[PDB]
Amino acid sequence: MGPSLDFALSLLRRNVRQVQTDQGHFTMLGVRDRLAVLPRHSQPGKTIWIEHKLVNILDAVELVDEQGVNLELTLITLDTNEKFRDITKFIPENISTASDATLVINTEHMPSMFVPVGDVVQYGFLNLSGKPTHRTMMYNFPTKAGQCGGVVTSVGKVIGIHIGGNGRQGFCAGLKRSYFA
């Protein structure tokens, strides 16, 4: 088996978890220690279902930029038994585009799912369901409901978390390594 599939499957085993909140099913990316990231609109509460058990959330931080605008990312600290493998090194230091990226999803309804979103380009401002968001990127793929929190990945880099789509295109919140310092 080659390196790109090995990388994604290893993400699916060690960092990319099936979750459910009151808002439905999402993919959650565990980044290091007991710190994970979800799309803000998943609205995690005091507990979250993670695969096979209910896990307590010890803190949730909704990220905004210096203008006060939503980044659509919520960092949660979990009462998990074990620490995540630290994947912060795979997150670029600036928000970064990619060629021929794949969106890797993992929910109870869409387990171990691979979506060929393709080139990922800078987008910036997005108004989704009424809320302004900054720092997004875009792919010309018709993503659908249930795929939020999916991990946008390319050549060993974890670059984005899926947050929205308009039927023809998909959008992620860009990831940068400093969100997880």
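Start at 1 with the first residue shown and count on from there.
Selected stretch [higher average CA B-factor]: 90 to 98 or 77 to 85: Stretch with the higher mean C-alpha B-factor: 90 to 98.
130 to 138 or 45 to 53, whichever carries the higher mean Cα B-factor: Higher of the two, by average CA B-factor, is 130 to 138.
Residue 181 - which third its CA temperature factor falls in, relative to the rest of the chain: Its C-alpha B-factor belongs to the highest third of this chain's values.
Record-listed C-alpha B factor of residue 69: chain third: Its C-alpha B-factor belongs to the middle third of this chain's values.
Third of the chain's Cα B-factor distribution that residue 39 belongs to, per the entry: Bottom third by C-alpha B-factor.
Chain-relative CA temperature factor third for residue 61: It falls in the top third of the chain.
Within-chain third of residue 116 by Cα B-factor, per the entry: For residue 116, the deposited C-alpha B-factor lands in the middle third.
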